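Working notes, structure below.
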Amino acid sequence: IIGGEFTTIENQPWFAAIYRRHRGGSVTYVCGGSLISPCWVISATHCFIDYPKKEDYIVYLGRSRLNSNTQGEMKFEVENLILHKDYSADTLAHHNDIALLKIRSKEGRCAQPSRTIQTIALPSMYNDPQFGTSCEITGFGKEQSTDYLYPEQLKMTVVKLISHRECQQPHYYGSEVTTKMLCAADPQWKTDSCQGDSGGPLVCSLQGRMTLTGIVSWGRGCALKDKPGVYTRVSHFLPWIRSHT
Ligand SMILES: *C(=O)c1ccc(NC(=N)N)cc1
């Protein structure tokens, strides 16, 4: 997250921290995700595509810090890693950038809700807020494009939804953005998602309910003028989510 503020898991209790075990046993942070039911985390296929083996991954719920345990956190194996078979990626745009992780603890349990572990509602089909709506994004990604390190503390920021029309413009992304993507950005381009935030949630309030409108997916750089963050338009993937859960 470029700009924004530090937070704890109490303020995004559906947020999933997904890590990969390297051959040799070392564990590095991969991507965010969102708990959509006790046994299901939703994330981005791009996060997993190079290392598609479910056994290499660890999912935490209730976790506020990158490399330190949060009190109350729960640790899961991935019992099913479902990538989108229509996934495609060019130099920038990621298409069908959506992934499902069925989670299972060593004791064979799904998430148990708590002050720090809750599910997020999916949108109603094709039901998205209007352009200019303020939404939140959460993650452990870079605080600056030039950073090497990821922050140790979870971050959140607010971005505003951009129309398909505005996002299609020349000096934006042209035809790189489709109706199955949502663009969001700051009016001053001062806050954004960045490397390590992908897979993570874009949450909007829809008819007074906190809703997973988006999945952090792609962008040209981070917090660049005329280069908004691009999100998987969750409301356009309900049949795929339904058929895989
Ligand atoms: C994901 O890791 C990801 C998503 C989006 C960006 N870029 C922007 N939001 N501009 C970088 C990395």
- request: Test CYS194 against the stated conditions and say whether it is within 21 Å of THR146 (Cβ to Cβ), within 6 Å of the ligand (Cβ to nearest atom), within 13 Å of the chain's Cα centre (by Cα) and hydrophobic (A, V, I, L, M, F, W, C).
  value: yes
query: Restricting attention to region 213-235, does a residue exist that is closer than 18 Å to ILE120 by Cα, over 15 Å from the mean Cα position of the chain (by Cα), more than 7 Å from the ligand (Cβ to nearest atom) and not charged (D, E, K, R)?
result: no
message: Regarding region 192-205, can at least one residue be identified that is in the same structural domain as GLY4 (by CATH), among the hydroxyl-bearing types (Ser, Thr, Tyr), surrounded by fewer than 22 Cβ atoms within 10 Å (Cβ to Cβ) and not in a strand (DSSP E or B)?
response: no
- line: All conditions in (1) crowded, with 17+ Cβ neighbours inside 10 Å; (2) closer than 30 Å to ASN69 by Cα are true of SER114 except (1)
- request: Test each condition in (1) more than 16 Å from the ligand (Cβ to nearest atom); (2) in contact with a strand residue (DSSP E or B) (Cβ under 8 Å, 6 or more places away or on another chain) for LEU238 and report the one that comes out false.
  value: (2)
Members of region 61-77 that are in contact (Cβ under 8 Å) with a residue 12 or more places away in the chain and surrounded by fewer than 21 Cβ atoms within 10 Å (Cβ to Cβ): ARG65, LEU66, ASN67, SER68, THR70, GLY72, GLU73, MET74, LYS75, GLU77
- request: Mind listing just one residue for me: the one in region 35-57 that is crowded, with 17+ Cβ neighbours inside 10 Å and more than 14 Å from the ligand (Cβ to nearest atom) and, of those, nearest to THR211 (Cα to Cα)?
  value: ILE36
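Basis: the model, the stated rules and, where named, an outside source; no laboratory instrument gave them. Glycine gets a Cβ as well: all are built from the backbone with ideal geometry, and neighbour counts include every protein chain shown.
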